[PDB]
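Ideal geometry is used to build each Cβ from the backbone, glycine not excepted, and the neighbour counts take in all protein chains shown. Just so it is clear, none of the values below were taken in a lab; they were calculated from the coordinates.
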Amino acid sequence: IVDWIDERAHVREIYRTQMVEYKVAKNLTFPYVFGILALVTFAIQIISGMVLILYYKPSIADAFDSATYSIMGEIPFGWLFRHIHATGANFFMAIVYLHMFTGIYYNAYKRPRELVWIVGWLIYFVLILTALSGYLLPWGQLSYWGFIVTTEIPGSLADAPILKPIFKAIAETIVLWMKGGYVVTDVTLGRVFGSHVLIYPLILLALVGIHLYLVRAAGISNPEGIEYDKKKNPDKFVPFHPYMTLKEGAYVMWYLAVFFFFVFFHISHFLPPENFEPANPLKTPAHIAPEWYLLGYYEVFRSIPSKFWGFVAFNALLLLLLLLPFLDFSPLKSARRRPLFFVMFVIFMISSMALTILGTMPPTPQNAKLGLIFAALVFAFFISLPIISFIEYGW
Amino acid sequence: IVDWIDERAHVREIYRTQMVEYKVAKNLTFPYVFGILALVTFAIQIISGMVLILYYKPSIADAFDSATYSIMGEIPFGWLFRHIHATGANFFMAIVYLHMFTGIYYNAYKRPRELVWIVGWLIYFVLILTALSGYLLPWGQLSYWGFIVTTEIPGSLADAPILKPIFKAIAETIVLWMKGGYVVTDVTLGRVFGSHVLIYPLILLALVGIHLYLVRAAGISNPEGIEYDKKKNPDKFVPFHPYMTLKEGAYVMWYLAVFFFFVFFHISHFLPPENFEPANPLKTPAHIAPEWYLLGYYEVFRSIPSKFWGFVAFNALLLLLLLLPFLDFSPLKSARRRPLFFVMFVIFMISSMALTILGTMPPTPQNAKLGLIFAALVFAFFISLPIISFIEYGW
Amino acid sequence: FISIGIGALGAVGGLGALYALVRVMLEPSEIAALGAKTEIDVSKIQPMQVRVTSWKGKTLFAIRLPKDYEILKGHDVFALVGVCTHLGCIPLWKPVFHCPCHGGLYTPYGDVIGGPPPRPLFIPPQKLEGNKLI
Amino acid sequence: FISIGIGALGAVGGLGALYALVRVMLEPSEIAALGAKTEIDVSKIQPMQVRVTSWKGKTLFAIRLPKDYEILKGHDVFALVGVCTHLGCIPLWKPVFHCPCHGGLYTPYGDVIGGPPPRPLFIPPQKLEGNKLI
Amino acid sequence: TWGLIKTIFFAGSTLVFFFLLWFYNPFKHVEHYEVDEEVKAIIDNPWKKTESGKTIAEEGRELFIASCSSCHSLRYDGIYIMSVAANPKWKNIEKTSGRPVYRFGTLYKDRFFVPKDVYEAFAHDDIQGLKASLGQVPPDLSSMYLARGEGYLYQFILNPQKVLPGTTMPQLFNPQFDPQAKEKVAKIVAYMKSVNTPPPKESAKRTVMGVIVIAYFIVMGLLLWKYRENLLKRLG
Amino acid sequence: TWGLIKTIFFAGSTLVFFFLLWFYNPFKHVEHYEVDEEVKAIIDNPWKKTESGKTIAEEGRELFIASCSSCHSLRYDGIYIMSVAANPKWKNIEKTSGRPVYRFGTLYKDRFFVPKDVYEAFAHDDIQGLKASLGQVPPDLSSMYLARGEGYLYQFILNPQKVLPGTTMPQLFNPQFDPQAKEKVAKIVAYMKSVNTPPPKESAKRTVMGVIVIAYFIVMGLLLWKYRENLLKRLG
Ligand SMILES: CCCCCC/C=C/CCCCCCCCCC(=O)O[C@H](COC(=O)CCCCCCCCCCCCCCC)COP(=O)(O)OC[C@@H](O)CO
Ligand SMILES: CCCCCC/C=C/CCCCCCCCCC(=O)O[C@H](COC(=O)CCCCCCCCCCCCCCC)COP(=O)(O)OC[C@@H](O)CO
Ligand SMILES: CCCCCC/C=C\CCCCCCCCCC(=O)O[C@H](COC(=O)CCCCCCCCCCCCCCC)COP(=O)(O)OC[C@@H](O)CO
Ligand SMILES: C/C(=C/CC/C(C)=C/CC1=CC(=O)c2ccccc2C1=O)CC/C=C(\C)CC/C=C(/C)CC/C=C(\C)CCC[C@H](C)CCCC(C)C
Ligand SMILES: C/C(=C/CC/C(C)=C/CC1=CC(=O)c2ccccc2C1=O)CC/C=C(\C)CC/C=C(/C)CC/C=C(\C)CCC[C@H](C)CCCC(C)C
Ligand code: HEC
Ligand code: HEC
Ligand code: HEM
Ligand code: HEM
Ligand code: HEM
Ligand code: HEM
Ligand code: FES
Ligand code: FES
């Protein structure tokens, strides 16, 4: 029964405290589902990678003979669990982008949520590495070369800068770090496999746990902006169960329907067809831009004429998210409450979608001009947050 | 500083509640360290397996060429992190045996700790599989054959029993389950590698977390036996920090010293020398008994003349630990309080050490007689717990 | 009704997901049984000639002899797991047949006549269906 | 003092453990630089003859010619990364040297004279130490 | 309301972003090759029976092993270079694993799959006149269908000089005075498609189960929604 | 006290259990072979210099490649069968990875390590007279030292008929009228030891760091103990 487990585990005292008397806000909108959806996609990736690790082999002469021959034809339902994996990777990138952007919107990074945003940025940085190093593994014609392209980006740092041209042969993230040093060999493939498969998901679970605890410790920020009305204002909370637990439970099922649509009926873009060719280190494909979640940065890169300054802009665009809680400082919180932050956020969103879309097209001079025009608008959102902050402080 | 992190994460409110005002018992003895030591050894195994997964290769033609050539000679400090791994596996078996046996001693399985013992038995069962499937991986001369010996044990079940001899070709844990079916091939090695390396440690972390929560939910059982004196009896708790947190912190360091002794100076029994020969499926080694943590059961096996009944005894000796909380029922708890349970526990401990020690010697008829005499004493401890329980109920 | 319809639906979904997971991970189905049939036509082997095959693993012999351990009496067709005993070499046919690694000799029925190996070759099970050995 | 001695000792232990972990995982040290020296004695290559080698990966040529893109002027000894351009074949020496996959021709200095490839072979860096090319 | 404008903007932009990011990016100018439409039914159903009791896939397999296995080694089906015939062992190809080709979902005990490193060391490292004469090894036609497409595979074969400017692969099926080559190339492409595409029994089970899974999750979501709506009425 | 009897019983039994379970189980009767004591210094220090500027390990390597590489393929050092010489490529052994033998902690660019499946398919599957005549392939002497021991390796070589009753491996160094064979076999075993045992520089760094780690953890434990003792006095 349940009373026997109740007396020994206190299951009902945990249930009545975590669900029935939690008292989340009532006016929670739809983009407050993206965290639960990212957690569900993380679970999907773990469950479907536990199946792939049984048959994938981190050898150069055996990779792409496991993931393409064994996984796809030899193993029952192996096609399905590679489809689920390669679809959930892209869905997990997209849901995390939506989550962090509609957390930027409601400004869920202000007091006292400065630390949850730092842990979330660590989540994002290590997720980039988990989805970047897991793409070399199929060892396809463009997988190898998109790993090479992405691992030579830290090499433009060593190129002679405008100032102090001693950066040559220093911070060698090429030789020491990934690409293994002058050759991508079997040892490097095994190292990337092991890291991607067990070192990164463990520090993903740890950081997701810390993040979920820090969300509860600071409380869900309501989208209105008053951020609380303590000891008063009832009839606007309608506690967690069953108001929210069944709304999220329906959004999760509908999201899984949209997910298993791509898994079954349209995967010709998650398993790209010209990646089904075994990689040879002598023939370079034509269009070898990195994966879609890194194209918004790859367009800021290789658009500035200097490569060192392009890499510096690449890194500044990623560092301006750690400082983003420390960068915007105002008593006002939401975007329903800041009419000047809404226009900057829409500029940021549009000009950040446009960068990822320009990152797919071939590098023409007009494409470079457009990617620079949009990079200027992306940087404007960060170099104007303190201005709007200083304006709103004077009301 | 710390106040900034305090305001956003509530770190001091967690510290003052989990350490300074926890109020564990004062008379806790030494064998109450084995849980923390098993947790530390679990951490050691995870940390040192994250390094081994980078270079181990789950192919028949490449296994034992990674773990013996690459890991040991080619990789810097790879000798050290294979030494730490193969030593921590045996230390993790030994510490878990000590923990569960000195938890049997103080009867930490009675009310209300029935569920923590079930979760601990699940820990033990899945730990057997994690240390059993991780031993096939080096693909050594005796690793392959000790996997074969252990995976043919469920095959004696299919042998014609005394009753209902239809068990032939049913419950085929040989073909369907491990050994892959009639051949240990490259696919089976890859499957065992993937399972051992990521599927078993994940359900180890989950079960260890559930176990650690269930220990707190039921409270540490004090070794005396009164099990509490609620709302009274002060000056005998001296709360968790710094009374216990620094006693455990010193025992952990001394245990790690004893550990890194074996890691560096005596490992000729954790990496057995005749396992440094590449496995061939045509030549069987002389003495191919399973690993030491399964020898207490392997001696109950292959000592009874019947193989089916030997396997049934193997399984009953393992099932009589799940029922052990439901098997012993008495108001008295400790072994300092039950003078009749102490003698049965010492019989159990001695006759269970003797079984693992007899499991190493070759199978002579005198060895079989001794392993049966000791198997009788091991079963006596389980078929007498209800008798002592019924006697003590009448006081 | 809904509060039980969703329970039944979730149970069916969990059952299907567990079926898929079992079928991927824990199933060597229909490829592990290689081979339990092992078609070996008897009318192809000549007298005093041995055909090398594989049953339940490697390796297996197919011995045929016209006249005459000794588990079975005269059947003239059988199969023995052909791998030497004490160190695991492969004996060569030809009338006894030995292995040249250490000098172990074997009679066509399995027993040893000059034995470096301690024990003979264990007879694997067999079935007779017309002119096909299992 | 103890409450700071244990802190210093734990910090040293953590530093050593992190050093070991870095040295195992994140270090292709002293084996990735294969090869930055690439001893290529100039007095061994004959005029109008190409030696196949490997610098910073595969592959590399070692061309020597007595007389005469064109990044460098007349030095008579240099090295070009030898792999065809538009599809990545290996050109064969012999005076131009071409690759027979598609028909791409190359002058000994890298440029193309009949080009299926769009661009010539990029010159990798080089150093001159007596009679040894890098 | 203004919230509605916010909704159909912040959702419309994301939908039209993921649309042209995940399918039909209209700004990439990758070219398209198509089957000649002369037959276009030899390739649609390679498992379609024909006369002499042979399907089109089996006949394409024989055409490939007879006219194409002299330089190309289509593994995943046990086809290797005919020099020597067969290029794998000779003697014991079984002692390699080396396993018999077990595709979806039926195995073929008469053909074996040899790893990429065992092969090309036993076979092509005692090098025959392929890398020498041609210049490049005819790479592999195992997963070339999934990587090129039926259109590119058909338009490449029977006219390699048009798709690639210069290529030492011959015409080898010359049209415009041999009217029997187009269907041969179609059978070859249909065979190469039958190696990487599920049969009509398997490609249908996947469709049925993918429809059932989506119809399962949608119904489960709407059932949970209706359950929440009903439970919020007993309370308020 | 009675608690003391409980302590030195429940700890004594566990200690004497793990003793004869983890080192020197006195009830296992595995036999022991020992070096002939004729030299016993050729094998102790294989890196010990000799005349002609050659160490004993290098001379054992030459003796092995000259008299033993005709049937045994000691990989992990680049030694393969001399038929053909060398049995690996011939031509491109570099295009296999195939990497140069990089043991602890110095690499040898003149010898290459070829995987187990690439080798024995290029080399022994164009089978020469080893599996035919002998009956079994001379397995491998790469990690035979770690698996047998110096005693077993010495007593096996120069008298294989004594360790194993019948073995087609010859004496190949016959004593009792050739007094120059014992030191040759000792040099061979010393070479085979130098492939799997760290040099005197590396086997010493491991000892020093293993002493320092234990002395670190013991001191840390006793420091934490003294800190707890001191902190329990400020409170009680
Ligand atoms: C068969 C089926 C096919 C399926 C096709 C694929 C599926 C597509 C579905 C995706 C739909 C996403 C919906 C998100 C929007 C939710 C609704 C909304 O409108 O979200 C708004 C803000 O959310 C927010 O920022 C979040 C929205 C902004 C996020 C921008 C995402 C950019 C994506 C990545 C960009 C690359 C980044 C590069 C690195 C810098 C809410 O603003 P409010 O002022 O509170 O309005 C209140 C009203 O809603 C009242 O009801
Ligand atoms: C260089 C250095 C070399 C190192 C060599 C290796 C290291 C060895 C160290 C191991 C020492 C273990 C110490 C355990 C004993 C702790 C002390 C003790 O005595 O533990 C007793 C009970 O613990 C208990 O059951 C626990 C003891 C019983 C556990 C039995 C373990 C059996 C092992 C596995 C058996 C195989 C099982 C097969 C499957 C059935 C405590 O009983 P009390 O009545 O409360 O006494 C109170 C007094 O102590 C007051 O102070
Ligand atoms: C997926 C399969 C499941 C199995 C997974 C196993 C793991 C965990 C099991 C699941 C957890 C069980 C749920 C227990 C929740 C009950 C906690 C609780 O509710 O107890 C609270 C204590 O919390 C407290 O100390 C908080 C204690 C500190 C929490 C620290 C843990 C967070 C980090 C964990 C993530 C890993 C990373 C670790 C590295 C740092 C009491 O509340 P208070 O604030 O003190 O009182 C104030 C009142 O006004 C409100 O109540
Ligand atoms: C069954 C059905 C399989 C077909 C049924 C049979 C006859 C058809 C026969 C059949 C069809 C083939 O196409 C096939 C192909 C190749 C070889 C053989 C076959 C075959 O034999 C679909 C199974 C696939 C579904 C898509 C499972 C999803 C895969 C995992 C990633 C899910 C992991 C589930 C975990 C363990 C529970 C987590 C619960 C969490 C809270 C969410 C709850 C949502 C829901 C699970 C209730
Ligand atoms: C450094 C020293 C290395 C030698 C120093 C240098 C000059 C010597 C030079 C040197 C020596 C060689 O033998 C060597 C061999 C091969 C190639 C190269 C070399 C070499 O260059 C010893 C390092 C090994 C120790 C044993 C680390 C243990 C391995 C892991 C398993 C530990 C994981 C640590 C985690 C991340 C923290 C967890 C904290 C937890 C709460 C416990 C706290 C205890 C303590 C850590 C404070
Ligand atoms: C004269 C030897 C030879 C013959 C015979 C041959 N091939 Fe080729 N194949 C080649 C060469 C050379 C290339 C060029 C490789 C390249 O351009 O990268 C090639 C390339 C290809 C490609 C891939 C080209 C690309 O860029 O994707 C395909 C597909 C192909 N051939 C199909 C076939 C088929 C089908 C047959 C049998 C009907 C065949 N070939 C017969 C040698 C040959
Ligand atoms: C006549 C061919 C031949 C020669 C030459 C040869 N071996 Fe052997 N080796 C064999 C055979 C046959 C065996 C037997 C394998 C077995 O019994 O399992 C063997 C076995 C061995 C074994 C392992 C035996 C065991 O049971 O562990 C070692 C070690 C060994 N030989 C060492 C050497 C050394 C060192 C040399 C060179 C001085 C050498 N052999 C030369 C063929 C040869
Ligand atoms: C958590 C977020 C993760 C992301 C975003 C991610 C991403 C990816 C991607 C993009 C691929 C390429 C697949 C393809 O191109 O077909 C991949 C492959 C792979 N992933 Fe992950 N991964 C994640 C976690 C995991 C986990 C937890 C495992 C656990 C085993 C895992 C195991 C694997 C394996 C073995 C492969 C190679 C198999 C193959 O290529 O088919 N991954 N991953
Ligand atoms: C695996 C990845 C992630 C998981 C599982 C996850 C999970 C969650 C969940 C469940 C919530 C609460 C529900 C909600 O707010 O929708 C949340 C909140 C939050 N997350 Fe994440 N998240 C992830 C990634 C990220 C990233 C990458 C960032 C930032 C870069 C981030 C920043 C935040 C913030 C600021 C909040 C607070 C929302 C608020 O208070 O309104 N998260 N996260
Ligand atoms: C948690 C308890 C675990 C136990 C008791 C255990 C046990 C073992 C054992 C006995 C071996 C054989 C090593 C040898 O004989 O030299 C082994 C090897 C291995 N373990 Fe574990 N293991 C555990 C967890 C893990 C984890 C978490 C990982 C994560 C990567 C892992 C990865 C490996 C790998 C890759 C090998 C093969 C490497 C080699 O053989 O040198 N293990 N394990
Ligand atoms: C990875 C394996 C394990 C870990 C990390 C672990 C951890 C712990 C810890 C830290 C404690 C509290 C401290 C202590 O009692 O010493 C505990 C208590 C306990 N454990 Fe475990 N344990 C493990 C395995 C097991 C096993 C295999 C069993 C039983 C078969 C078990 C049964 C118990 C019981 C009954 C208690 C309660 C002790 C009491 O209340 O006095 N544990 N465990
Ligand atoms: S192998 Fe046949 S006698 Fe030892
Ligand atoms: S590959 Fe050299 S010409 Fe195309």
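What the table shows:
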| item | result |
| --- | --- |
| Relative contact order computed over segment E:1-84 (Cα-Cα under 8 Å; 6+ residues apart), in percent | 11 |
| Binned Cα-Cα distances of segment E:113-236, short to long, each 5 Å bin given as a whole percent | 2, 8, 11, 12, 12, 12, 8, 6, 5, 5, 4, 4, 3, 3, 2, 2, 0 |
| Distant-in-sequence amide H partners of C:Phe78 (H built 1.01 Å from N, under 5 Å) | C:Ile63 |
| Average beta carbon contacts from partner chains per residue of E:159-170, 10 Å cutoff | 2 |
| Distance between segment E:100-138 and segment A:174-245 - C-alpha centres, whole angstrom | 46 |
| 10 Å binning of all Cα-Cα separations within segment E:39-132, expressed as whole percents from 0 upward | 15, 42, 30, 13, 1 |
| Local electrostatic count at B:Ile304 - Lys and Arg +1, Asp and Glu -1, tallied over other residues with Cβ under 15 Å | +1 |
| Cα-based convex hull, segment D:65-114, per residue volume (Å³, whole number) | 85 |
| Cβ-vector label at 7 Å, D:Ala33, separations to other copies in nm | 6.1 |
| At 7 Å out from Cα toward Cβ: B:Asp3 inter-copy label distances (nm, ascending) | 5.2 |
| Dipole of segment A:262-395, positive end: most advanced residue of A:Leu321, A:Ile391, A:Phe264 [Cβ charges, Cα centre] | A:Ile391 |
| Where the Cα pairs of chain B fall when distances are cut into 10 Å bins, in % | 4, 19, 28, 26, 15, 6, 1, 0 |
| Ellipticity estimate at 222 nm from DSSP helix runs (n ≥ 4, -39,500 (n - 2.57)) divided over the protein assembly as shown, nearest 500 | -14000 deg cm²/dmol |
| Segment F:88-215, relative contact order in percent, only Cα pairs under 8 angstrom and at least six apart counted | 16 |
| 0 to 90° range, to nearest 10: angle between helix F:202-235 axis and chain F longest Cα axis | 10 |
| Area projected by the alpha carbon convex hull of segment A:327-393, averaged over all directions, nm² | 4.7 |
| Cut-off under 5 Å, modelled amide H: who pairs with D:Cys89 long-range | D:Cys84 |
| 15 Å beta-carbon shell around A:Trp177, net charge (K/R +1, D/E -1) | 0 |
| Relative compactness, segment A:5-126, computed as alpha-carbon Rg over 2.2 N^0.38 Å | 1.47 |
| Listed peptides A:298-306, A:125-133 by packing density, highest first (mean Cβ within 10 Å) | A:298-306, A:125-133 |
| Cβ-isolated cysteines (cut-off 4.7 Å), the protein assembly as shown | E:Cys68, E:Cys71, F:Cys68, F:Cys71 |
| Per-residue mean of C-beta atoms belonging to partner chains within 10 Å, peptide B:39-51 | 2 |
| For the protein assembly as shown, fraction of C-alpha pairs farther apart than 58 Å, in % | 28 |
| Segment E:162-236-segment A:23-85 distance, computed between alpha-carbon centres (Å) | 20 |
| Taking A:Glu227, E:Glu37, F:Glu62, A:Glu7 and counting other C-beta atoms within 10 Å, the order from fewest to most | E:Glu37, F:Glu62, A:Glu7, A:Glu227 |
| Calculated diffusion of segment D:40-133, Stokes-Einstein form, Kirkwood radius summed over Cα pairs, 25 °C and 0.890 mPa s, µm²/s | 182 |
| When segment F:27-207 is reduced to its Cα atoms, the Kirkwood hydrodynamic radius in Å | 17.5 |
| Within 10 Å of each Cβ in C:5-15, the average number of Cβ atoms from other chains | 3 |
| Kirkwood hydrodynamic radius (C-alpha pairs) into Stokes-Einstein, segment A:238-395, 4 °C and 1.567 mPa s, D in µm²/s | 67 |
| Three principal axis lengths of segment B:151-208 [C-alpha, angstrom, descending] | 41, 30, 13 |
| Fewest-first ranking of F:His32, D:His75, B:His10, A:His196, using other Cβ atoms within 10 Å as the exposure measure | F:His32, D:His75, B:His10, A:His196 |
